[PDB]
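Below, in structure tokens: the form solved without its partner chain, a single chain.
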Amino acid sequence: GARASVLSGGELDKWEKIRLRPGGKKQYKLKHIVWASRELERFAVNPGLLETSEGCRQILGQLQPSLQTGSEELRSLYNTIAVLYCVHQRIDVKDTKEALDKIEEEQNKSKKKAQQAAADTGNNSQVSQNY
């Protein structure tokens, strides 16, 4: 149809399903979509970007390099913006982590060139046992 609000009827469905964390018991809710909308405007970023598959991608670009020295305020954003972004990119995740990895994989070439100082340690890989 047309473009309005952040998450439409369909998106709202999957959104409520997605969880803030993989090992948590607090699913996603409108409270998180609005909580970020009010926090975005504070960072000179209009909340209108949250309802755009493009904006969500840009917002993450500024938080990506900020994650290094970002507080709970930053992490929270990257969390919501993540699950939301995936939704707008025709992606269906289960938690905030799954939605995060999907992005890190698309910008894996950029990440490598954005952590020279943080490129002197091991990086163990996580496997999936259950479903």
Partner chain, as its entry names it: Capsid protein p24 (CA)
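Numbering follows the first chain given and starts at 1.
Although not depicted, the form solved in complex with its partner chain is the subject of the following passage.
With the partner left out of view, is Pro65 within 4.5 angstroms of its partner chain in the bound PDB entry by any non-hydrogen atom? The answer is yes: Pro65 has a heavy atom within 4.5 Å of its partner chain.
Does its partner chain come within 4.5 Å of any heavy atom of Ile91 in the bound PDB entry? Residue-level check for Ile91: no, no contact with its partner chain.
Is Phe43 close to its partner chain in the bound PDB entry, meaning a heavy atom pair under 4.5 Å apart or at it? Yes.
Given that its partner chain is not shown alongside this chain, does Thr52 nevertheless sit within 4.5 Å of it in the bound PDB entry, heavy atom to heavy atom? Flag for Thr52 set to no.
Please name which of the stretches 78 to 86, 55 to 63, 98 to 106, 26 to 34 has residues with heavy atoms lying within 4.5 Å of its partner chain in the bound PDB entry. Going by heavy atoms within 4.5 Å, the stretch is 55 to 63.
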